[PDB]
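Undergrad:
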Amino acid sequence: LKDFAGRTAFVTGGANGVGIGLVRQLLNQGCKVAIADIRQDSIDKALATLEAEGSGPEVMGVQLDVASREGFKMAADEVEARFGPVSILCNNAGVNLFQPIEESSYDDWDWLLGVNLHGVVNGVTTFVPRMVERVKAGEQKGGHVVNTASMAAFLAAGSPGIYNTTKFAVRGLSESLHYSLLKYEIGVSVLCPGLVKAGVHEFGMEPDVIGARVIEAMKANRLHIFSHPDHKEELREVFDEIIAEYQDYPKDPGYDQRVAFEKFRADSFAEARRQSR
Amino acid sequence: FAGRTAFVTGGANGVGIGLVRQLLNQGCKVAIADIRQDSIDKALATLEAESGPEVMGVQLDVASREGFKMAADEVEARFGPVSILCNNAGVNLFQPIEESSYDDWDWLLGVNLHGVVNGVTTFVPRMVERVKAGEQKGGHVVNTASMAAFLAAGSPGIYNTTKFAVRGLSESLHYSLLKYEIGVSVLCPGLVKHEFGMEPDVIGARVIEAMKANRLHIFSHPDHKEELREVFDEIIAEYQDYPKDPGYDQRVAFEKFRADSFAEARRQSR
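Same order as they appear, the protein sequences are chains A and B. So the first sequence is residues 1 to 197, 227 to 306, counted in the deposited numbering. So the second sequence is residues 4 to 53, 55 to 197, 230 to 306, counted in the deposited numbering.
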């Protein structure tokens with residue numbers, strides 16, 4: 001992704017937290033940015049303070065429930081009418097609920113799936129096919145999709161069960177999209193933060238620091254953005270344990286033929302990853 | 004195992020019928036649930052051709069929450085409380101995400117994700133209440149994901165998305181159910197029997245052993261171990277040796293703490 005100047009970006013959950021940091025840093029790269037958020041009140045305050053920062057003519061707000069496919073289309077059309085084609089999409093909207101799954105209701109699944117999973121599906125489905133059409137037409141060159149997952153996309157304990165489910169799903173979506181969009185040179189990253197700012230609420234990473242790390246990772250088309258170096262050792266141990274779960278099973282009939290074919294699609298996939306790096 | 008009742012979705016063939024047969028061969032009573040009536044009937048015919057007083061069939065669209073509830077009720081009215089749940093229904097679609105419509109998402113999410121959500125929401129609270137009442141001891145939920153829960157290429161994008169989600173769901177439920185001694189496994193097979233795919237009976241047999249160990253990931257296939265080791269190495273290699281940001285020292289002290297607790301839960305699990 002060369003040069004951000006003159007590009008239009010759309011950021012869901014853009015009104016605060018990780019979102020406002022992304023918006024600010026994109027602005028700092030010369031992007032026009034639309035803040036999309038569920039609450040009009042949060043949007044107005046974000047716009048107020050970005051105007052106070054001097055970015056006024058480069059930002060707009062659009063009230064949006066990311067769970068709504070209809071709403072997402074209408075919001076995209078509005079932003080593209082005002083600021084022109086969007087080539088950067090940050091699906092950053094998210095909600096949480098600290099509960100194990102066996103204590104969670106169908107209403108709880110619907111609420112979290114709508115915002116955390118559908119929001120990303122809807123963002124991707126609204127914008128990516130537009131991007132792909134513009135690229136095939138020579139009307140767009142390059143672009144990026146950043147989806148905010150979590151370290152919960154790797155490290156899943158008992159709670160928050162539904163959250164961990166939606167974050168693993170966002171990771172699988174993002175990894176798949178990353179490989180399918182290489183041919184169009186649209187980048188895809190999944191942002192996997194730890195704690196964002227007992228004093229717990231106090232020592233989380235600053236959204237602006239996360240934002241800077243994201244911009245650099247987008248420039249690299251880095252698949253996994255580990256904004257936090259915190260979990261490296263733990264994740265390595267978790268990985269070692271999964272590998273340790275392989276059992277020393279006997280060859281079933283058809284094994285040699287199957288592995289021969291398998292090493293074949295394995296080669297094509299390692300080829301796709303090698304081109305990604 | 005003997006005397007337990009199991010409920011298997013997509014139970015009419017592939018992996019599902021492998022699990023059904025092997026579960027039947029441990030002395031379980033087994034309900035085959037599947038969306039297609041005649042599939043069920045074919046499976047029931049094959050199995051009678053081998055006891056049939058211990059197997060039943062129930063038509064079910066796993067995407068339907070009301071349907072799942074009624075199927076659960078029917079099974080438990082005839083065979084008794086279900087203590088083994090295999091959420092094994094699944095569909096695939098070989099397409100990248102940017103070429104997939106909302107209808108494609110709704111279909112695959114319906115079967116592959118909502119199926120597991122519905123199975124778990126229908127049955128697990130019943131199991132937990134019974135464990136709490138001292139009416140049930142032990143139990144198991146096996147969810148069929150795929151090696152696509154680990155190895156996600158451009159296609160099939162929606163399929164990979166649903167399988168990551170089932171894996172994340174299974175891992176979370178495994179840890180939360182430990183205190184009720186209800187086991188949870190995610191079955192991650194490679195190719196199933230098209231002439232060199234693994235026999236479903238062999239997958240089922242390996243699943244039964246893993247259930248007894250409460251093994252979190254069931255890698256039925258030795259095939260992918262080296263490939264997966266490589267993927268994990270590349271993921272760790274994406275970590276960036278970033279500078280210490282403000283609060284880093286406190287934050288990392290806290291993370292070592294919750295990691296310690298989590299590492300403890302995993303050691304207990306093993």
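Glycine residues also receive a C-beta, built at the ideal position from the N, C-alpha and C atoms.
1) Taking only the alpha-carbon atoms, compute the straight-line gap between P100/A and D110/A and give it to the nearest angstrom.
2) Distance cutoff 8 Å, beta carbons only. Does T165/B sit that close to anything in chain A?
3) Tell me the start and end of each unbroken alpha helix (DSSP H) in the stretch 68-152 of chain B that is at least 4 residues and wholly inside, in chain order.
4) Report the CB separation of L191/B from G161/A in whole angstroms; it is logged as a contact under 8 Å.
5) If I'm right that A246/A touches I88/A with Cβ under 8 Å, what's the distance once you round it to whole angstroms?
6) Need the endpoints of the beta strand (DSSP E) that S189/A sits in, please.
7) Which chain B residues are close to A34/A, counting only those with a beta carbon under 7 Å from its beta carbon?
8) Based on DSSP bridge pairs, tell me the residues matched to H253/A.
9) Taking the Cβ atom as the reference point for each residue, do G61/A and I38/A lie within a distance shorter than 8 Å?
10) Please classify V66/A: does DSSP put it in a helix, a strand, or coil?
11) Should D3/A be labelled buried (16 or more other beta-carbon atoms within 10 Å of its own) or exposed?
12) Which residues, taken in chain order from the stretch 170-182 of chain A, show a beta carbon closer than 7 Å to some beta carbon of chain B?
13) In three-state DSSP terms, what is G61/B?
14) Can the beta-carbon of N92/A be found less than 8 Å from the beta-carbon of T148/A?
15) Measure from the alpha carbon of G240/B to the alpha carbon of each residue in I254/B, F290/B, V132/B, then state which is nearest.
16) State the CB to CB distance for the pair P236/B and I20/B, rounded to an integer number of angstroms; the pair is presumed to be in contact (CB under 8 Å).
17) Between which two residues does the beta strand (DSSP E) holding residue 220/A run?
18) Can you give me the Cβ contacts of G13/A inside the same chain, cut-off strictly under 7 Å, excluding the 5 residues immediately before and after it?
19) Rounded to whole angstroms, what's the CA-CA distance from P57/A to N16/A? Just pull it up for me.
20) Among residues of its own chain, excluding the 5 on either side of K248/A, which ones have a beta-carbon nearer than 7 Å to its beta-carbon?
21) Report, in whole angstroms, the separation of the C-beta atoms of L97/A and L112/A, which I expect to be a contact under 8 Å.
22) Would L112/B count as contacting chain A if we go by Cβ distances under 8 Å?
23) How would you call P193/A, buried or exposed, if buried means at least 16 neighbouring beta carbons within 10 angstroms?
24) At 4 residues or longer, and completely inside the stretch 20-47 of chain A: list those alpha helix (DSSP H) runs for me, N to C.
25) Measuring alpha carbon to alpha carbon, tell me which of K73/B, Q63/B, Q29/B ends up nearest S55/B.
26) Note down the Cα distance separating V238/B from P85/A, rounded to an integer number of angstroms.
27) List the residues of chain A that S87/B touches, going by C-beta distances under 7 Å, in chain order.
28) Do we get a CB-CB distance below 8 Å when we pair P258/B with the residues of chain A?
29) Quick one: grab the DSSP three-state call for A9/B.
30) Can you tell me which of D41/A, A46/A, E274/A puts its alpha carbon nearest to the alpha carbon of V33/A?
TA: Taking the definition as stated:
1) 15 Å
2) yes
3) 69-83, 106-112, 119-136
4) Not a contact, Cβ separation roughly 19 Å.
5) Contact doesn't hold; Cβ gap of about 13 Å is too wide.
6) 187-191
7) Here the premise fails: no neighbours, minimum Cβ distance about 21 Å.
8) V190/A
9) no
10) coil
11) exposed
12) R171, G172, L173, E175, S176, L177, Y179, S180, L181
13) strand
14) yes
15) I254/B
16) 6 Å
17) Coordinates for residue 220/A are absent; the numbering of chain A skips from 197 straight to 227.
18) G19, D37, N92, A93, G94
19) 19 Å
20) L1
21) 6 Å
22) no
23) buried
24) none
25) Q29/B
26) 53 Å
27) Result: empty, since nearest Cβ-Cβ is about 14 Å, beyond 7 Å.
28) yes
29) strand
30) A46/A
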